[PDB]
RNA sequence: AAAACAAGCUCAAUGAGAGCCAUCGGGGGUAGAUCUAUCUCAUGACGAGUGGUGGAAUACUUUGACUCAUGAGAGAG
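Numbering (the numbering used here), first residue to last: 1288 to 1422.
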């Protein structure tokens, strides 16, 4: 129970797919900023830690949200892609594009996909150092 | 005082210096704005993990972190 729909109207929301190595987030919310059901690979998504970020486990979490959305029930959610933060400069993982596609074939209506990765303008030092990571 | 020596001190170097003219450039200094990013703090939303890895653990978490939204501050770039 929620929308109190007018009759022949469409209700829209947001996705916020934060895709980063080690985890995936499908934290859907209203445009204003009131959070609806979220979920993620780590929580209800799986187990292990091995397979948090892997694109099956993102695909499982993105059905678990869209179970609820029809129920709430929204309709379609705008998708914004967040990769990772500024110092690292990392763009979204593979687990994004499986999470998006599970919402489509759930199925939930969509539109306006954006990359909202916080990139810096120069700014700060990375981890590691001069030589950086060497493994 | 009045003479004479054509009295005399070369050239204007793809040597050099100085001058003048219209440009050019992340040359240097001082002062103030600007742009995202990161961190902190305050408020709201949610409700079990988040992090991190070849794989894990130490670590922070319902005295509500992690993500999402607004607002203020800081120092560096």
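Beta carbons are placed, not taken as given, at the ideal position from N, Cα and C, and that holds for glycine.
Look up residue 1299 in the DSSP assignment and give the residues it is bridged to.
For this step, residue 1299 is matched to residue 12 along the first chain. Note: residue 1299 sits in a beta bridge opposite 1363.
May I ask you to report which of helix, strand or coil DSSP gives residue 1396?
If you number the first chain from 1, residue 1396 lands on position 109. Here residue 1396 sits in strand by DSSP.
On the DSSP bridge assignment, give the partners of residue 1307 in chain order.
Along the first chain, one-based indexing puts residue 1307 at 20. Per DSSP, 1310.
If you run the structure through DSSP and keep just helix, strand and coil, what is residue 1339?
Here residue 1339 is taken as the residue at index 52 of the first chain, counted from 1. Here residue 1339 sits in coil by DSSP.
Can you tell me which of 1374, 1400, 1368 puts its alpha carbon nearest to the alpha carbon of residue 1311?
Reading the first chain from its first residue, position 24 is the one you call residue 1311. Here the closest residue by C-alpha is 1368.
Does residue 1326 pass the burial test, meaning 16 or more other C-beta atoms within 10 Å, or should it be called exposed?
Counted from its first residue, the first chain places residue 1326 at position 39. With 16 or more other Cβ atoms within 10 Å, it is buried.
Alpha carbons only, please: which of 1371, 1347, 1385 is nearest the one belonging to residue 1402?
The residue labelled residue 1402 in the question sits at position 115 within the first chain. When only C-alpha atoms are compared, the closest one is 1371.
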